[PDB]
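One structure below.
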Amino acid sequence: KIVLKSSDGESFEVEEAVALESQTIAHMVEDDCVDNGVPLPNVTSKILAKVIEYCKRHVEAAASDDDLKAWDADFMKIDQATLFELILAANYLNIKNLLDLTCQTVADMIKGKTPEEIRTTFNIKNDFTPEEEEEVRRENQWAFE
Amino acid sequence: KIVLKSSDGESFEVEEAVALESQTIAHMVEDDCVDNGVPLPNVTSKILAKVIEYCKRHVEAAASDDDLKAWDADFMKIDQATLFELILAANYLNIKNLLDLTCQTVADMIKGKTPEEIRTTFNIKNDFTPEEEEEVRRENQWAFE
Amino acid sequence: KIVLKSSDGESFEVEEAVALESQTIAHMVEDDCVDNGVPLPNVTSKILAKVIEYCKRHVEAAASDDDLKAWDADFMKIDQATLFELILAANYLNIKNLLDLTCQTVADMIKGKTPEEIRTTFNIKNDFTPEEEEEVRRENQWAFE
Amino acid sequence: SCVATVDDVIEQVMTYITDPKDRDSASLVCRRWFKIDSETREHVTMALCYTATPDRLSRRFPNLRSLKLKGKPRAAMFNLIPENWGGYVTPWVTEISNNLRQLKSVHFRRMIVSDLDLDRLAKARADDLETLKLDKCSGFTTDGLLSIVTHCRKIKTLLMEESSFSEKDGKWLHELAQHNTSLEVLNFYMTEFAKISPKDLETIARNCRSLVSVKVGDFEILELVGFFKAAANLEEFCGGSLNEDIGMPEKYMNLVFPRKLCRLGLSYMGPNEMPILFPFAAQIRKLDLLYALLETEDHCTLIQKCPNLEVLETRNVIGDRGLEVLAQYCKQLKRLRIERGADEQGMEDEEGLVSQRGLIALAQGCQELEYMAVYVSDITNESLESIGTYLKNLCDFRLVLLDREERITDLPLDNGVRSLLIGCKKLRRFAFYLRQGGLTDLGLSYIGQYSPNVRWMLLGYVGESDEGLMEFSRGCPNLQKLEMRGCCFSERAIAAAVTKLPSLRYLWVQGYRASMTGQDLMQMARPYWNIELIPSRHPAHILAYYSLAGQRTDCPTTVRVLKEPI
Amino acid sequence: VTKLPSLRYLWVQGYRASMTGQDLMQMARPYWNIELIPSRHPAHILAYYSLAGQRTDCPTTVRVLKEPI
Amino acid sequence: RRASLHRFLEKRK
Ligand SMILES: CC[C@@H]1C[C@@H]2C(=O)CC[C@@H]2[C@@H](C(=O)N[C@@]2(C(=O)O)C[C@@H]2CC)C1
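For the record, the sequence lines run as chains A, B, C, D, E and F. Just so you know, the first sequence maps onto residues 5 to 68, 80 to 160 in full-length UniProt numbering. Just so you know, the second sequence maps onto residues 5 to 68, 80 to 160 in full-length UniProt numbering. Just so you know, the third sequence maps onto residues 5 to 68, 80 to 160 in full-length UniProt numbering. Just so you know, the fourth sequence maps onto residues 12 to 548, 564 to 592 in full-length UniProt numbering. Just so you know, the fifth sequence maps onto residues 509 to 548, 564 to 592 in full-length UniProt numbering. Take 139 as the starting number for the sixth sequence in full-length UniProt numbering and just add one per residue.
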């Protein structure tokens with residue numbers, strides 16, 4: 005049992021092998037700061053909660080796949096701002112299952128969309144001068160790839 | 005009574021008017037994050053301790080000077096690396112008594128010394144080309160000040 | 005304990021923090037003339053006594080308001096010539112508190128009165144040519160304020 | 012988080028080092044401290060404007076808040092330096108326009124300042140100019156003053172003391188009166204203004220709540236009565252004119268002086284008007300009787316009433332009698348200057364001579380003295396000895412013996428100078444101006460031997476031969492500026508002494524065994540060392571100083587720059 | 509060394525030394541490099572003007588003399 | 139002969 009202290013003073017009681025999914029929390033039982041609980045003040049408490057939920061479930065691949084892509088897909092039914100905070104969090108800790116998976120999840124949102132549809136569904140302002148847009152479009156369609 | 009959470013998960017029970025010496029901890033009872041204790045993850049727990057000690061004593065100028084310059088001088092009988100960490104901390108919080116005092120304490124180490132004595136007692140490598148050193152020395156003695 | 009020498013050779017034994025209510029007497033413990041007592045020969049001894057009485061009582065806001084506006088109001092039950100000499104004295108020393116009461120007392124005499132009633136109750140000769148008075152009256156009633 | 016270094020904290024700490032000499036060292040510990048000092052230095056003084064180009068100044072210290080430049084040599088205050096010699100302020104104000112965009116205060120001392128250069132300063136700096144000091148400057152007019160008071164609407168301190176300019180009108184004062192609110196100190200102490208109105212000055216007092224100091228020309232004090240009532244916070248006043256007429260026996264007597272006035276000097280004040288000071292004399296900490304019309308007796312009676320006097324300036328009329336009075340009534344005295352009086356028809360009276368008697372009295376009474384400058388009618392080795400024994404922490408001591416008296420008690424002063432220099436070991440500035448017999452080569456060497464802290468020296472008629480200059484020259488570890496006039500020493504001796512002096516950066520000499528050759532001074536040609544001659548059109567002068575800039579472009583015809591073989 | 513107008517190189521072996529060291533210092537000028545080869564033969568003094576500052580590449584047998592130790 | 143007292147020594151007489 006290990007204590008994780010969120011970025012707004014919020015202790016979290018979590019099991020051994022759950023907290024170890026994060027190689028950042030694992031490389032931190034060497035110089036064990038665990039004496040006062042692992043201080044991670046870059047994860048919101050709301051987010052850290054969601055991270056632990058994910059790790060909890062994946063560790064329960066002890067009883068040994081089909082139902083996982085189900086829970087995972089349902090886990091991702093969140094909003095953008097929260098999806099992005101998870102990515103930042105998986106990177107801050109070091110949860111590769113949460114990185115080759117969160118990054119792939121965002122990439123799956125881009126795949127197939129057009130440039131307009133992309134900045135639509137991410138709310139991004141097209142800041143190209145029309146000359147720039149044209150050069151890039153020409154390069155893309157006449158020359159490269 | 006307010007809780008200060010150090011940068012390694014270390015709760016600190018401290019009085020009202022003591023924690024208020026820091027305008028950083030004071031401007032933080034408006035949007036009161038105090039709900040979970042004030043999260044200040046940039047001060048080592050060893051340092052924060054020393055900061056609170058200083059504030060504790062100065063607030064006891066309620067019973068109303081001579082003995083203060085005594086405690087203060089004795090409080091500063093520390094090592095360089097620690098003196099510097101106090102400065103950084105007084106700046107991080109916002110304790111003008113402790114910044115006008117730590118900065119003044121480091122300045123008192125420079126005052127009167129020669130350029131050699133200075134980098135001696137701070138271990139700083141003289142990286143001037145001899146031309147540079149000469150121009151600066153000439154400016155200083157022939158022209159400016 | 006500090007000595008204040010009035011403008012008719014009259015030593016006054018007064019406490020530390022009492023004499024310090026005057027920033028004029030305070031900025032005079034730097035270049036400490038206190039060696040021979042602070043020489044202030046522009047305050048009558050009768051007046052300086054009243055000044056000290058005021059400072060004495062206000063410094064006893066150590067034991068921490081309602082009863083002060085009472086003593087203050089009763090302190091101002093004096094005659095004009097004496098009120099004025101207090102103002103001049105509060106300005107000579109530098110007692111910001113003391114001046115806010117005497118000055119306000121004089122101002123309360125003016126408030127509500129007409130220009131005739133004012134010079135009546137202060138014995139002031141109206142020295143306006145009738146053109147001047149008229150311009151001023153027109154400006155005041157037709158244009159400004 | 013790694014071990015915190017000084018480097019993580021030096022940007023911050025640097026701004027708590029205030030002493031110019033500690034900034035000096037700090038700037039030399041390494042490239043980074045150099046840069047931090049460069050960007051945070053607030054004030055710089057240049058003792059000689061020709062020592063570096065303005066470009067150099069603003070590259071080294073781009074964020075100056077306060078600048079002070081001196082131009083003409085000190086000797087200029089004694090009509091010894093040609094008017095056109097130099098000290099033109101104009102390249103400096105153009106540099107200020109372009110590159111010292113933070114400057115809030117400028118002090119020009121002994122410089123040539125034109126209307127064009129002050130118009131440019133005013134427009135460039137405008138509301139940011141909090142303080143301007145035209146201190147013993149020349150070359151401008153009231154048009155310039157008007158320009159700065161209309162464009163710099165927030166001037167706190169404006170000074171023109173002893174400057175000479177052309178007075179075309181009084182609208183500058185009027186312009187201040189009408190719009191200025193912020194004035195704290197206004198100073199035209201030693202100046203001819205005949206077109207300004209005392210009403211304007213009064214109205215300034217009424218509008219400037221923080222007005223603390225004003226010094227003025229020949230205004231009738233009676234005309235300033237309104238001013239005095241309005242200047243509630245006035246602490247200092249000098250100037251005005253006290254003009255008695257037998258008609259009104261009590262012309263004055265009814266002056267309301269601001270209750271705080273404690274630093275003052277009323278010009279032309281006689282014995283009959285003197286008493287208006289008695290009511291608050293216990294309060295007076297600074298006295299300027301330099302332009303007073305009172306006699307040695309009258310001095311004693313006034314001095315006697317000022318127990319808290321710490322600064323006194325006066326003419327030698329003070330007499331030995333006056334010094335005796337000062338000796339026991341004013342124990343707190345820190346600075347005393349005894350200028351020389353009307354020295355033509357008797358010493359103003361038959362007590363207006365100060366001597367061994369006064370000096371020794373003074374030494375015993377006023378032991379707190381930090382600055383003492385005295386024109387003395389007669390000295391003795393004994394008096395110097397007592398100065399040295401009693402008044403330590405003297406920082407600046409100047410003695411000139413008048414040429415009036417024929418016989419001087421005991422003359423060769425060697426043993427006196429020697430104990431003086433030995434007792435007063437805090438001494439930074441030292442002037443000693445005598446008559447030929449005054450000091451021997453042995454004494455001259457004493458001066459060089461026992462003055463480890465002296466940065467500046469003015470030497471009068473000292474020594475007997477080159478032997479003395481040379482013996483002197485092996486001392487003075489810290490002599491930076493050396494002024495000598497009326498000495499015998501030869502060209503090659505001057506040159507050789509300059510070579511020996513470790514710290515010397517400025518030399519001014521009048522009177523020396525010359526030689527049309529010229530070529531003997533050349534034996535001190537170093538790099539960066541500028542030597543200028545002002546030919547014997564008064565005896566030849568030598569001016570020499572280090573400069574990073576090279577030879578000045580702007581020499582008059584009266585000044586010849588000495589370069590290698592003609 | 510101070511008196512000699514043109515001197516730019518000095519090598520000296522055998523001289524009344526002093527562990528103090530601090531007497532050689534009275535010739536410390538800018539650009540003037542003084543090197544000691546200690547008495548491991565009698566102490567040598569090598570001194571020369573240089574626009575470059577103190578060599579980076581001294582052996583252990585060679586001590587560079589700088590202001591107060 | 140200082141330039142401030144040379145002005146005075148004459149405004150005196
Ligand atoms: C080039 C020298 C001038 C020469 C002038 C000369 O004739 C004698 C002195 C005067 C000079 C002098 O400065 N006098 C004193 C002073 O501060 O005014 C120092 C004396 C004060 C007590 C300067």
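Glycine included, each C-beta is placed from N, C-alpha and C at the ideal position.
Check: Candidates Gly363/D, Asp360/D, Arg409/D, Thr391/D, of which the one nearest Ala384/D by Cα; Outcome: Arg409/D
Check: Buried versus exposed, by CB contacts within 10 Å (16 or more), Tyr58/A; Outcome: buried
Check: Closer than 9 Å to chain F by CB, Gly150/D; Outcome: no
Check: For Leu147/F, three-class secondary structure by DSSP; Outcome: helix
Check: With 16 other Cβ atoms within 10 Å as the buried cut-off, status of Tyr523/E; Outcome: exposed
Check: CB-CB length for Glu25/A against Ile110/A, believed under 8 Å; Outcome: 5 Å
Check: Proximity test, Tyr107/B beta-carbon vs ligand 1 heavy atom, cut-off 8 Å; Outcome: no
Check: Close-in-space but distant-in-sequence residues of the same chain around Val47/A (CB under 8 Å, 5 per side omitted); Outcome: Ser10, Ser11, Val55, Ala104, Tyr107, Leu108
Check: Delimiting residues of the alpha helix (DSSP H) encompassing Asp256/D; Outcome: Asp256/D -> no alpha helix (DSSP H), and no H or E assigned at all.
Check: Cβ-heavy atom distance, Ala15/D to ligand 1, below 8 Å; Outcome: no
Check: When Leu480/D, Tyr461/D, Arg466/D are compared against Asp452/D, the one with the closest alpha-carbon; Outcome: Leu480/D
Check: Supposed contact pair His567/D and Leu574/D - C-beta distance, whole angstroms, cut 8 Å; Outcome: About 23 Å separates the two Cβ atoms, so there is no contact after all.
Check: Stretch-stretch touch, CB-based, cutoff 8 Å, three pairs: the stretch 130-138 of chain D with the stretch 37-55 of chain D; Outcome: no
Check: Local conformation of residue 562/D per DSSP, three classes; Outcome: Any structural detail on residue 562/D is unavailable, because chain D resumes at 564 straight after 548.
Check: Interface residues of chain B facing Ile28/D [CB-CB closer than 9 Å]; Outcome: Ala122, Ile125, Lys126
Check: Cβ-heavy atom distance, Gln491/D to ligand 1, below 8 Å; Outcome: no
Check: Neighbour flag for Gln294/D against chain C, beta carbons, 9 Å; Outcome: yes
Check: Closer than 9 Å at the beta carbon, the chain A residues around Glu14/B; Outcome: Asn40, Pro43
Check: CB contact flag (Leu129/D, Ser158/D, <9 Å); Outcome: yes
Check: Meets three-Cβ-pair contact criterion under 8 Å: the stretch 393-400 of chain D and the stretch 427-439 of chain D; Outcome: yes
Check: Beta carbon proximity, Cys487/D to chain B, threshold 9 Å; Outcome: no
Check: Short CB-CB distance (under 9 Å) between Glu20/B and chain E; Outcome: no
Check: DSSP beta-bridge partners of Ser15/C; Outcome: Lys9/C
Check: Nearest-angstrom Cα separation, counted from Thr420/D out to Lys316/D; Outcome: 33 Å
Check: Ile349/D CB to nearest heavy atom of ligand 1 below 8 Å; Outcome: yes
Check: Interface flag, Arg61/B vs chain E, CB-CB below 9 Å; Outcome: no
Check: Residues within the UniProt repeat "LRR 8" (237-264) of chain D neighbouring chain C, beta-carbon criterion of under 7 Å; Outcome: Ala243
Check: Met468/D vs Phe500/D beta-carbon contact at 9 Å; Outcome: no
Check: Secondary structure of residue 552/D, DSSP reduced to three states; Outcome: Within chain D, the sequence of modelled residues goes 548 then 564, so residue 552/D has no position in this structure.
Check: Neighbour list for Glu543/E in chain B, Cβ cutoff strictly below 7 Å; Outcome: By Cβ distance, chain B contributes nothing, its closest Cβ being about 16 Å from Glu543/E, past 7 Å.
Check: Residues sharing a beta bridge with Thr325/D, DSSP; Outcome: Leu300/D, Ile349/D
Check: Contact check, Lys167/D vs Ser193/D, beta carbons under 9 Å; Outcome: yes
Check: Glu355/D: CB within 8 Å of a non-hydrogen atom of ligand 1; Outcome: no
Check: Where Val38/B sits in the DSSP three-state scheme; Outcome: helix
Check: Chain-ordered chain D contacts of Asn106/C [CB-CB under 7 Å]; Outcome: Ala243
Check: Uninterrupted alpha helix (DSSP H) stretches inside the stretch 55-103 of chain D (no shorter than 4 residues); Outcome: 65-71
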